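One structure below.
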Amino acid sequence: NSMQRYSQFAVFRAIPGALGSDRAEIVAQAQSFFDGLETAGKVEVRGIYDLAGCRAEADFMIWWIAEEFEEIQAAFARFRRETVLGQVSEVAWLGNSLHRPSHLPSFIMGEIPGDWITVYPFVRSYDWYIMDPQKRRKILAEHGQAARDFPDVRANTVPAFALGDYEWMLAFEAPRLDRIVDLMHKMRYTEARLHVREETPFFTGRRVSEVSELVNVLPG
Amino acid sequence: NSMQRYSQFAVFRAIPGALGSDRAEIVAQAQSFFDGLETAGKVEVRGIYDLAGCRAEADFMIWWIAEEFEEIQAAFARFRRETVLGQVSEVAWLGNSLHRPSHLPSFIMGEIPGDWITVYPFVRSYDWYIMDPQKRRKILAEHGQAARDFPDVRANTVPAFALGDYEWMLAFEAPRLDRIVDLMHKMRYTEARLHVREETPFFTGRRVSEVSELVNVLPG
Amino acid sequence: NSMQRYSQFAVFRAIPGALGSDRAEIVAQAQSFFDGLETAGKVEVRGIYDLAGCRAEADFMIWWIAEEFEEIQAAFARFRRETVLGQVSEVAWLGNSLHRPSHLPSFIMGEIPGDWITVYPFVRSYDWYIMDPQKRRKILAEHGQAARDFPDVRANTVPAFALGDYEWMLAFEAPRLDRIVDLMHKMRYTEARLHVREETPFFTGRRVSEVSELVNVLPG
Amino acid sequence: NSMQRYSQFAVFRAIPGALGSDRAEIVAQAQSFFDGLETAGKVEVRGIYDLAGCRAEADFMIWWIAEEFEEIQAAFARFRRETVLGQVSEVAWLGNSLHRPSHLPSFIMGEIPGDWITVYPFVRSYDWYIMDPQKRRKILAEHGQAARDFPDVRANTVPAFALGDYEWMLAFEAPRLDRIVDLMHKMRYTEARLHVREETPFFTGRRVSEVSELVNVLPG
Amino acid sequence: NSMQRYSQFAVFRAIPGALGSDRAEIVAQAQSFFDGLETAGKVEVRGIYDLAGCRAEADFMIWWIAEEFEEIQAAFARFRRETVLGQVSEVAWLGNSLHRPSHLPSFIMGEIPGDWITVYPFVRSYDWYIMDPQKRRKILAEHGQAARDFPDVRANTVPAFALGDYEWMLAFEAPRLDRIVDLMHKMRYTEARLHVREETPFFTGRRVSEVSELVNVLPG
């Protein structure tokens, strides 16, 4: 541990009729942008995800992590400004979180990202934090134990206070989507469900190897 | 059973002034797209439904089922990309569910789809799943018995965790719409109503024989 | 009784700058459409109401009743498709209900529609239907007694399950609007108010004699 | 008082880029419209209020009162139809109320309107009206007594049942805005706060002497 | 102190495709506008903040304070009217507050603004103000003690009654964003959390030295 890492799930919705039918130059420009980000060494793009078919207001997602938040701001603004892909898309939702130095987030461990991801914000009940620490730790122990049968699903739980309307950001990565569905269904059977205020919206996506795969399927 | 099937209710809203008045080529292209989907053998389009007059933000719906979710993603993106019908429509709502290996969904049995359908998402109360299994099973038995007076209405209840903001997807198919209305009204008289958080939005539609019947009624 | 009738309150909002200033041909076309509906004998247009000044997102309303819901769907689609008035308007809200075979809705009796109408959907509490039938009957008797001092206000309470997000559709018709306001205010003084979940949005309008009166006041 | 008066707070939001930079003719036309309203003698425009800086979706407000509601409808439609100012604005919110024949609204007395106004709708709790009349009258007496230290703030509480989604319309007029802020803060210290369901949105504005002052500040 | 100061957090969202690529003249015009505001001596612009990456519907924010609210209205309208930057932006959210003459807001003391800010509205529970003053003051003392471990984060709590939909405006200024995140997380561990109704939306931003730095990063 002992590392500071802001994380961002930037969710974009494609504007129909704006991308056009000739997309080779757009693909090349977006790929050059991401290669420049990678060679700069400040912002690490953990993944690019196709959100088609998940919900009506989202089309794709970029999950990237940087040591400072201003670097994420610069990368996000540059993506929206200097690339055609960012110019023909609307920002639908932004999930920001900060990891500060037991169990650590999967992206902190450096694990290989899974094929499928689900991402959602999380807000606990008002009395959750002032609850007796004995009871809170027991509830959290049961909640964690409920995920013992899913070693293939990696979980990221990162604090998100003051970086949005939420308190935590949760991200599940799995080779198969049905494993994520089963994990959520089984986690419904826990006492921690009694201390939940907000858990929406959900964003479920498939990791693409390169930006060309994403661009070639966007509408318009 | 012993087969995995993802299901999707893709709801689209027609943009006024975009379809135009000459629709023969649009009809032919949409029919060719659906015939190609059928001949590919991966995605099975269970139905196409006209949602006109049900609610303000919906115009039609496609109910299709595939073994893998990426196939549904590909079909959905292709519909929005390579057909004029998908290019002049906005995605209003997406209801995703996964059926995994009692009483099984109607589309799992392969029953003939009914003339009328009603589709809605469903979210249970926070304490529903950690409730005493005896009490939950008794409540579910009463809820099921309340629907034994409507043998002509087929019910699909499919888990929807992590595939959206919801927990279950419910679909009722009947030859007559008044049967669905009566079933919902009678199902209001059950104890399970005490454990409901979200059940909206509703989408009520009539099954069309072919895409031409749907296209010829959409607003110009 | 012994008659099945679906009812629809189709609420439309006028798009500014689309109707124009020359409206004689639009008036003639809309009148021809409504005369064709009347002469077809399937859909009965009970009223056309001007909603200007009631709320921000509504401009007028068509209240029509038909034996089958397919006929209402067809008439609604035809209005939105083959008339300039329907082409330059957006659907803001749709209230659907079904009357099936005590006290009957005013439109079932065939009473002359009042000059002023108010319309809203209604959703009861979760425990309303499983409440002890004696207590529910007493509450409903008190609620009905509260409306005995307003014989000039006719009330239509029609089930709306599965035809939208609601449970009941309520419509009050009166020669004067202050009578409706007083009736609602006095009905606030009832125990049934303890079993209400949703009762919005409201749509208050004045019945117009012919579509020309409505068209000549819509924003250009 | 033996007078019937409907009151309306019509809130409009200016469309950027539609008003233009040359506004003398627009000012003259709007002033002519309001002079015609005053001459006709049916609708009394109590005030015109600049709402800039109060909230994102509002730009100005017209507060007008008429004996019949159809007169208000005609004036509102005419403003949106036959004036450039009404043609380049969107209706953001409409607050309607009816005053029917103790303490009466300020506009019934005909008091000089204050420089600053705040306006909001109000919805009481479900059990407020069936509460024991002694307890309700005691609560209302305390609530009224809490406003003894603000004689310079005039309050208008008018029933709003069936004329929208609300129950009451509340308007506070003061020479200074800080007096309104202090009054609201002091009214927070009352038992009536335990019986409140809805009190938003708020509209705070400054009374303008003539429509030219309002038009000259709207965004181009 | 005896200083009466209205404060405003004007949040703007940039319209894509409206700013263009040549921004030198826009920068010069905006800088001239802000220099004129500073010279006039009525409205003091406390800060300009880049909000990119915080949320989907916000792009930047202006925090300015003036003795009278009409001066803030004039400055806001003038910014939206006479500058290209204000003409190519939409108002997303407005947070207004009034400070009337223990512990004072940071902007009242004149402290140097921090590099990072987090701004949100706040609404207490209905029974918060009529709670026993002993208990309320004890809860507030504990809440204040919870923030004594963060001397580097300056807090501004200003009443916001009748100037919007909220009750208080809260702003946290820090040299580092992680300090704000930690302060919010630690403040979750207080009894005052039991008396919260609304605390969203949040606006987290980085203070820019000049308007050129802000304009050069906005999407084209």
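Following the order of the structure tokens, first chain is A, next is B, and so on, with residues numbered from 1 inside each chain and ligands from 1 in the order they appear.
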Give me the residues near region 171-179 of chain B as a tab-separated table (two decimals) with N, CA, C and O atoms, in the first residue's frame, where near means some atom within 9 Å (using only C-alpha atoms) and where sequence neighbours in that chain fewer than 4 positions away do not count.
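Just written: out11.tsv:
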```
chain	number	residue	atom	x	y	z
B	106	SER	N	-41.99	-18.52	-18.84
B	106	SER	CA	-42.75	-18.98	-20.00
B	106	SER	C	-41.87	-19.12	-21.23
B	106	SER	O	-41.99	-20.09	-21.98
B	113	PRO	N	-45.98	-17.02	-27.61
B	113	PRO	CA	-46.17	-15.73	-26.95
B	113	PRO	C	-47.60	-15.22	-27.11
B	113	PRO	O	-48.25	-15.43	-28.13
B	114	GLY	N	-48.08	-14.54	-26.07
B	114	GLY	CA	-49.42	-14.02	-26.09
B	114	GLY	C	-49.54	-12.75	-26.92
B	114	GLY	O	-48.55	-12.12	-27.28
B	115	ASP	N	-50.78	-12.40	-27.23
B	115	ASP	CA	-51.04	-11.21	-28.04
B	115	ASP	C	-50.62	-9.94	-27.30
B	115	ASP	O	-50.08	-9.01	-27.91
B	116	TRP	N	-50.86	-9.88	-26.00
B	116	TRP	CA	-50.56	-8.71	-25.20
B	116	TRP	C	-49.52	-9.03	-24.14
B	116	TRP	O	-49.51	-10.13	-23.58
B	117	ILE	N	-48.65	-8.06	-23.86
B	117	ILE	CA	-47.62	-8.21	-22.85
B	117	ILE	C	-47.60	-6.98	-21.96
B	117	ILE	O	-47.97	-5.87	-22.37
B	118	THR	N	-47.18	-7.19	-20.71
B	118	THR	CA	-46.90	-6.13	-19.76
B	118	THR	C	-45.58	-6.44	-19.07
B	118	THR	O	-45.43	-7.51	-18.48
B	119	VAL	N	-44.64	-5.51	-19.13
B	119	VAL	CA	-43.28	-5.73	-18.65
B	119	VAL	C	-42.93	-4.64	-17.64
B	119	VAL	O	-43.19	-3.46	-17.89
B	120	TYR	N	-42.37	-5.04	-16.50
B	120	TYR	CA	-41.89	-4.04	-15.56
B	120	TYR	C	-40.76	-4.60	-14.71
B	120	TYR	O	-40.69	-5.81	-14.49
B	121	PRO	N	-39.86	-3.74	-14.24
B	121	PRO	CA	-38.86	-4.17	-13.27
B	121	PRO	C	-39.43	-4.20	-11.86
B	121	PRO	O	-40.47	-3.62	-11.57
B	150	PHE	N	-55.82	-17.39	-13.05
B	150	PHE	CA	-55.56	-16.82	-14.37
B	150	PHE	C	-54.62	-17.75	-15.12
B	150	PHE	O	-53.45	-17.42	-15.36
B	152	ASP	N	-54.59	-18.38	-18.19
B	152	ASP	CA	-54.31	-17.87	-19.52
B	152	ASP	C	-53.24	-16.78	-19.53
B	152	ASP	O	-52.86	-16.33	-20.61
B	153	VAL	N	-52.77	-16.35	-18.37
B	153	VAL	CA	-51.71	-15.35	-18.27
B	153	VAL	C	-50.42	-16.07	-17.88
B	153	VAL	O	-50.35	-16.71	-16.82
B	154	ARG	N	-49.41	-15.96	-18.72
B	154	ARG	CA	-48.11	-16.58	-18.47
B	154	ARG	C	-47.17	-15.54	-17.88
B	154	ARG	O	-47.07	-14.42	-18.39
B	155	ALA	N	-46.48	-15.92	-16.81
B	155	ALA	CA	-45.62	-15.02	-16.07
B	155	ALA	C	-44.16	-15.42	-16.21
B	155	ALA	O	-43.81	-16.60	-16.09
B	156	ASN	N	-43.31	-14.43	-16.46
B	156	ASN	CA	-41.86	-14.59	-16.49
B	156	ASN	C	-41.29	-13.73	-15.37
B	156	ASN	O	-41.49	-12.51	-15.35
B	157	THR	N	-40.60	-14.37	-14.43
B	157	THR	CA	-39.91	-13.69	-13.34
B	157	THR	C	-38.44	-14.07	-13.43
B	157	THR	O	-38.07	-15.21	-13.11
B	158	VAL	N	-37.60	-13.14	-13.87
B	158	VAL	CA	-36.20	-13.47	-14.11
B	158	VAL	C	-35.30	-12.56	-13.28
B	158	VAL	O	-35.54	-11.35	-13.21
B	183	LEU	N	-55.43	-9.62	-13.32
B	183	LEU	CA	-54.41	-10.33	-12.58
B	183	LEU	C	-53.62	-9.39	-11.68
B	183	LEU	O	-53.36	-9.70	-10.51
B	184	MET	N	-53.24	-8.22	-12.20
B	184	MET	CA	-52.52	-7.26	-11.38
B	184	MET	C	-53.38	-6.77	-10.22
B	184	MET	O	-52.92	-6.69	-9.07
B	204	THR	N	-46.74	-1.68	-21.53
B	204	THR	CA	-47.83	-2.53	-22.01
B	204	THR	C	-47.89	-2.44	-23.53
B	204	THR	O	-47.93	-1.34	-24.09
B	206	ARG	N	-48.82	-4.60	-27.57
B	206	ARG	CA	-49.50	-5.60	-28.39
B	206	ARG	C	-48.50	-6.21	-29.35
B	206	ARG	O	-47.76	-5.48	-30.03
C	69	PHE	N	-58.72	-1.79	-26.54
C	69	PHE	CA	-57.55	-0.93	-26.42
C	69	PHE	C	-56.83	-0.78	-27.76
C	69	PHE	O	-56.12	0.21	-27.97
C	98	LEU	N	-59.29	0.98	-17.40
C	98	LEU	CA	-60.24	0.01	-17.91
C	98	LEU	C	-61.40	-0.11	-16.94
C	98	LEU	O	-61.19	-0.35	-15.75
C	100	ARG	N	-64.61	-2.31	-15.96
C	100	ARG	CA	-65.17	-3.62	-16.17
C	100	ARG	C	-66.42	-3.82	-15.33
C	100	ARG	O	-66.55	-3.21	-14.26
C	162	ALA	N	-51.58	-2.09	-14.61
C	162	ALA	CA	-50.83	-2.63	-15.74
C	162	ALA	C	-50.97	-1.80	-17.01
C	162	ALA	O	-50.38	-2.16	-18.03
C	163	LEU	N	-51.73	-0.70	-16.99
C	163	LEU	CA	-51.84	0.20	-18.13
C	163	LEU	C	-50.99	1.44	-17.93
C	163	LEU	O	-51.24	2.48	-18.55
```
Just list the residues in region 31-192 of chain D DSSP gives strand (DSSP E) on the backbone, as a PDB file with N, CA and C atoms, in the first residue's frame.
```pdb
ATOM      1  N   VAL D  43     -57.977  40.974 -16.014  1.00  0.00           N
ATOM      2  CA  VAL D  43     -56.808  40.411 -15.351  1.00  0.00           C
ATOM      3  C   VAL D  43     -55.977  41.554 -14.793  1.00  0.00           C
ATOM      4  N   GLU D  44     -55.663  41.481 -13.506  1.00  0.00           N
ATOM      5  CA  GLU D  44     -54.858  42.486 -12.827  1.00  0.00           C
ATOM      6  C   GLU D  44     -53.464  41.916 -12.620  1.00  0.00           C
ATOM      7  N   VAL D  45     -52.484  42.470 -13.326  1.00  0.00           N
ATOM      8  CA  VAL D  45     -51.098  42.046 -13.170  1.00  0.00           C
ATOM      9  C   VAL D  45     -50.576  42.658 -11.877  1.00  0.00           C
ATOM     10  N   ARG D  46     -50.450  41.835 -10.838  1.00  0.00           N
ATOM     11  CA  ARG D  46     -50.008  42.355  -9.553  1.00  0.00           C
ATOM     12  C   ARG D  46     -48.533  42.726  -9.585  1.00  0.00           C
ATOM     13  N   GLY D  47     -47.714  41.946 -10.277  1.00  0.00           N
ATOM     14  CA  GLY D  47     -46.301  42.269 -10.319  1.00  0.00           C
ATOM     15  C   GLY D  47     -45.564  41.533 -11.411  1.00  0.00           C
ATOM     16  N   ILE D  48     -44.423  42.102 -11.789  1.00  0.00           N
ATOM     17  CA  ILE D  48     -43.450  41.456 -12.659  1.00  0.00           C
ATOM     18  C   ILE D  48     -42.128  41.419 -11.910  1.00  0.00           C
ATOM     19  N   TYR D  49     -41.515  40.242 -11.847  1.00  0.00           N
ATOM     20  CA  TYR D  49     -40.385  40.005 -10.964  1.00  0.00           C
ATOM     21  C   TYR D  49     -39.218  39.431 -11.746  1.00  0.00           C
ATOM     22  N   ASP D  50     -38.041  40.008 -11.535  1.00  0.00           N
ATOM     23  CA  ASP D  50     -36.797  39.462 -12.055  1.00  0.00           C
ATOM     24  C   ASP D  50     -36.301  38.377 -11.109  1.00  0.00           C
ATOM     25  N   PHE D  60     -37.803  34.933 -15.000  1.00  0.00           N
ATOM     26  CA  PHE D  60     -38.684  35.983 -14.505  1.00  0.00           C
ATOM     27  C   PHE D  60     -40.043  35.394 -14.166  1.00  0.00           C
ATOM     28  N   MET D  61     -40.885  36.228 -13.565  1.00  0.00           N
ATOM     29  CA  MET D  61     -42.174  35.793 -13.050  1.00  0.00           C
ATOM     30  C   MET D  61     -43.204  36.887 -13.285  1.00  0.00           C
ATOM     31  N   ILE D  62     -44.422  36.480 -13.623  1.00  0.00           N
ATOM     32  CA  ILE D  62     -45.568  37.378 -13.696  1.00  0.00           C
ATOM     33  C   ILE D  62     -46.592  36.895 -12.683  1.00  0.00           C
ATOM     34  N   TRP D  63     -46.965  37.766 -11.757  1.00  0.00           N
ATOM     35  CA  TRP D  63     -47.982  37.470 -10.759  1.00  0.00           C
ATOM     36  C   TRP D  63     -49.224  38.260 -11.137  1.00  0.00           C
ATOM     37  N   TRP D  64     -50.281  37.549 -11.533  1.00  0.00           N
ATOM     38  CA  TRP D  64     -51.519  38.204 -11.935  1.00  0.00           C
ATOM     39  C   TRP D  64     -52.727  37.483 -11.355  1.00  0.00           C
ATOM     40  N   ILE D  65     -53.788  38.254 -11.131  1.00  0.00           N
ATOM     41  CA  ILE D  65     -54.983  37.802 -10.432  1.00  0.00           C
ATOM     42  C   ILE D  65     -56.207  38.192 -11.249  1.00  0.00           C
ATOM     43  N   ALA D  66     -57.163  37.272 -11.363  1.00  0.00           N
ATOM     44  CA  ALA D  66     -58.392  37.549 -12.096  1.00  0.00           C
ATOM     45  C   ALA D  66     -59.564  36.862 -11.415  1.00  0.00           C
ATOM     46  N   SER D  89     -39.535  32.527 -24.704  1.00  0.00           N
ATOM     47  CA  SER D  89     -39.412  32.054 -23.335  1.00  0.00           C
ATOM     48  C   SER D  89     -40.137  30.726 -23.189  1.00  0.00           C
ATOM     49  N   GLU D  90     -39.654  29.898 -22.268  1.00  0.00           N
ATOM     50  CA  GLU D  90     -40.301  28.639 -21.936  1.00  0.00           C
ATOM     51  C   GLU D  90     -40.959  28.753 -20.572  1.00  0.00           C
ATOM     52  N   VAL D  91     -42.116  28.119 -20.418  1.00  0.00           N
ATOM     53  CA  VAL D  91     -42.771  28.098 -19.119  1.00  0.00           C
ATOM     54  C   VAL D  91     -42.048  27.096 -18.232  1.00  0.00           C
ATOM     55  N   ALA D  92     -41.530  27.569 -17.101  1.00  0.00           N
ATOM     56  CA  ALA D  92     -40.789  26.708 -16.192  1.00  0.00           C
ATOM     57  C   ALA D  92     -41.661  26.169 -15.067  1.00  0.00           C
ATOM     58  N   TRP D  93     -42.596  26.972 -14.571  1.00  0.00           N
ATOM     59  CA  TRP D  93     -43.424  26.568 -13.446  1.00  0.00           C
ATOM     60  C   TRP D  93     -44.640  27.477 -13.384  1.00  0.00           C
ATOM     61  N   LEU D  94     -45.781  26.890 -13.035  1.00  0.00           N
ATOM     62  CA  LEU D  94     -47.034  27.624 -12.900  1.00  0.00           C
ATOM     63  C   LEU D  94     -47.625  27.340 -11.531  1.00  0.00           C
ATOM     64  N   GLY D  95     -47.791  28.386 -10.730  1.00  0.00           N
ATOM     65  CA  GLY D  95     -48.410  28.242  -9.432  1.00  0.00           C
ATOM     66  C   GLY D  95     -49.770  28.897  -9.377  1.00  0.00           C
ATOM     67  N   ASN D  96     -50.821  28.089  -9.336  1.00  0.00           N
ATOM     68  CA  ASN D  96     -52.188  28.577  -9.365  1.00  0.00           C
ATOM     69  C   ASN D  96     -52.834  28.397  -8.000  1.00  0.00           C
ATOM     70  N   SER D  97     -53.695  29.343  -7.639  1.00  0.00           N
ATOM     71  CA  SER D  97     -54.403  29.271  -6.373  1.00  0.00           C
ATOM     72  C   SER D  97     -55.722  30.015  -6.495  1.00  0.00           C
ATOM     73  N   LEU D  98     -56.651  29.678  -5.607  1.00  0.00           N
ATOM     74  CA  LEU D  98     -57.970  30.293  -5.576  1.00  0.00           C
ATOM     75  C   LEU D  98     -58.257  30.777  -4.166  1.00  0.00           C
ATOM     76  N   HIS D  99     -58.618  32.049  -4.038  1.00  0.00           N
ATOM     77  CA  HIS D  99     -58.974  32.634  -2.754  1.00  0.00           C
ATOM     78  C   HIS D  99     -60.491  32.702  -2.650  1.00  0.00           C
ATOM     79  N   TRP D 116     -39.250  42.990  -2.811  1.00  0.00           N
ATOM     80  CA  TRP D 116     -38.783  41.624  -2.975  1.00  0.00           C
ATOM     81  C   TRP D 116     -39.899  40.646  -2.647  1.00  0.00           C
ATOM     82  N   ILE D 117     -39.936  39.540  -3.386  1.00  0.00           N
ATOM     83  CA  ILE D 117     -40.918  38.491  -3.156  1.00  0.00           C
ATOM     84  C   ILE D 117     -40.221  37.140  -3.134  1.00  0.00           C
ATOM     85  N   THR D 118     -40.814  36.209  -2.395  1.00  0.00           N
ATOM     86  CA  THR D 118     -40.487  34.794  -2.482  1.00  0.00           C
ATOM     87  C   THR D 118     -41.790  34.017  -2.583  1.00  0.00           C
ATOM     88  N   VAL D 119     -41.791  32.970  -3.401  1.00  0.00           N
ATOM     89  CA  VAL D 119     -43.000  32.215  -3.705  1.00  0.00           C
ATOM     90  C   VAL D 119     -42.662  30.734  -3.687  1.00  0.00           C
ATOM     91  N   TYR D 120     -43.498  29.936  -3.026  1.00  0.00           N
ATOM     92  CA  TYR D 120     -43.300  28.496  -3.091  1.00  0.00           C
ATOM     93  C   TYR D 120     -44.614  27.767  -2.868  1.00  0.00           C
ATOM     94  N   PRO D 121     -44.765  26.579  -3.442  1.00  0.00           N
ATOM     95  CA  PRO D 121     -45.910  25.731  -3.115  1.00  0.00           C
ATOM     96  C   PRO D 121     -45.681  24.974  -1.818  1.00  0.00           C
ATOM     97  N   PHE D 122     -46.781  24.493  -1.250  1.00  0.00           N
ATOM     98  CA  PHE D 122     -46.757  23.887   0.071  1.00  0.00           C
ATOM     99  C   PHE D 122     -47.724  22.717   0.109  1.00  0.00           C
ATOM    100  N   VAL D 123     -47.259  21.585   0.629  1.00  0.00           N
ATOM    101  CA  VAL D 123     -48.069  20.382   0.771  1.00  0.00           C
ATOM    102  C   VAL D 123     -47.937  19.900   2.207  1.00  0.00           C
ATOM    103  N   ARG D 124     -49.064  19.770   2.899  1.00  0.00           N
ATOM    104  CA  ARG D 124     -49.055  19.318   4.278  1.00  0.00           C
ATOM    105  C   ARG D 124     -48.950  17.797   4.343  1.00  0.00           C
ATOM    106  N   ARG D 154     -45.305  40.751   4.329  1.00  0.00           N
ATOM    107  CA  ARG D 154     -46.698  40.401   4.103  1.00  0.00           C
ATOM    108  C   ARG D 154     -46.776  39.001   3.515  1.00  0.00           C
ATOM    109  N   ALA D 155     -47.658  38.179   4.072  1.00  0.00           N
ATOM    110  CA  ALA D 155     -47.775  36.779   3.696  1.00  0.00           C
ATOM    111  C   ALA D 155     -49.117  36.511   3.033  1.00  0.00           C
ATOM    112  N   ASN D 156     -49.048  35.759   1.926  1.00  0.00           N
ATOM    113  CA  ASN D 156     -50.258  35.348   1.176  1.00  0.00           C
ATOM    114  C   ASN D 156     -50.300  33.821   1.165  1.00  0.00           C
ATOM    115  N   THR D 157     -51.265  33.213   1.845  1.00  0.00           N
ATOM    116  CA  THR D 157     -51.449  31.768   1.895  1.00  0.00           C
ATOM    117  C   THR D 157     -52.773  31.453   1.215  1.00  0.00           C
ATOM    118  N   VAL D 158     -52.711  30.867   0.023  1.00  0.00           N
ATOM    119  CA  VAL D 158     -53.931  30.660  -0.755  1.00  0.00           C
ATOM    120  C   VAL D 158     -54.096  29.181  -1.084  1.00  0.00           C
ATOM    121  N   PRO D 159     -55.294  28.614  -0.937  1.00  0.00           N
ATOM    122  CA  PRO D 159     -55.493  27.206  -1.301  1.00  0.00           C
ATOM    123  C   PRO D 159     -55.207  26.963  -2.776  1.00  0.00           C
ATOM    124  N   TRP D 168     -51.199  24.376  -1.176  1.00  0.00           N
ATOM    125  CA  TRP D 168     -51.223  25.796  -0.866  1.00  0.00           C
ATOM    126  C   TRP D 168     -50.144  26.514  -1.658  1.00  0.00           C
ATOM    127  N   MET D 169     -50.372  27.797  -1.908  1.00  0.00           N
ATOM    128  CA  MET D 169     -49.368  28.681  -2.476  1.00  0.00           C
ATOM    129  C   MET D 169     -49.028  29.742  -1.445  1.00  0.00           C
ATOM    130  N   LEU D 170     -47.739  29.890  -1.147  1.00  0.00           N
ATOM    131  CA  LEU D 170     -47.270  30.837  -0.152  1.00  0.00           C
ATOM    132  C   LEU D 170     -46.388  31.879  -0.821  1.00  0.00           C
ATOM    133  N   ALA D 171     -46.645  33.143  -0.505  1.00  0.00           N
ATOM    134  CA  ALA D 171     -45.886  34.252  -1.064  1.00  0.00           C
ATOM    135  C   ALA D 171     -45.560  35.246   0.036  1.00  0.00           C
ATOM    136  N   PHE D 172     -44.295  35.630   0.133  1.00  0.00           N
ATOM    137  CA  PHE D 172     -43.838  36.602   1.115  1.00  0.00           C
ATOM    138  C   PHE D 172     -43.285  37.821   0.397  1.00  0.00           C
ATOM    139  N   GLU D 173     -43.786  38.997   0.764  1.00  0.00           N
ATOM    140  CA  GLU D 173     -43.374  40.261   0.168  1.00  0.00           C
ATOM    141  C   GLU D 173     -42.735  41.127   1.239  1.00  0.00           C
ATOM    142  N   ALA D 174     -41.565  41.680   0.943  1.00  0.00           N
ATOM    143  CA  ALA D 174     -40.868  42.504   1.917  1.00  0.00           C
ATOM    144  C   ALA D 174     -40.108  43.596   1.189  1.00  0.00           C
TER     145      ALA D 174
END
```
Check which residues of chain A sit at most 7 Å from chain B using only C-alpha atoms, and return one row each with the closest pair of atoms and their distance in Å to one decimal, ordered by chain and rising number, as CSV.
```
residue,atom,partner,partner_atom,distance
A:52,CA,B:73,CA,5.8
A:53,CA,B:73,CA,5.4
A:54,CA,B:164,CA,6.3
A:55,CA,B:94,CA,5.4
A:56,CA,B:93,CA,5.3
A:118,CA,B:162,CA,6.7
A:180,CA,B:162,CA,6.9
A:181,CA,B:161,CA,5.4
A:184,CA,B:161,CA,6.1
A:185,CA,B:161,CA,6.2
A:188,CA,B:129,CA,6.3
A:189,CA,B:129,CA,5.2
A:190,CA,B:130,CA,6.3
A:191,CA,B:130,CA,6.8
A:193,CA,B:126,CA,5.6
A:194,CA,B:126,CA,5.7
A:200,CA,B:165,CA,5.8
A:201,CA,B:165,CA,5.7
A:202,CA,B:164,CA,5.3
A:203,CA,B:164,CA,6.9
A:204,CA,B:163,CA,6.2
A:217,CA,B:77,CA,6.2
A:218,CA,B:77,CA,6.9
A:219,CA,B:81,CA,4.7
A:220,CA,B:81,CA,6.0
```
Going by DSSP on the backbone, which bits of region 14-121 of chain A are alpha helix (DSSP H)? Write them as a ChimeraX atom specification, please.
/A:24-40,69-82,84-87,106-109
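You will find CA of residue 38 (chain B) at 13.9 Å from CA of residue 67 (chain B).
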| Do you have the CA of residue 5 (chain E)-CA of residue 109 (chain E) distance handy? |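 Separating CA of residue 5 (chain E) from CA of residue 109 (chain E) is a distance of 11.9 Å.
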As a check of understanding: the span from CA of residue 110 (chain E) to CA of residue 41 (chain E) is 15.8 Å
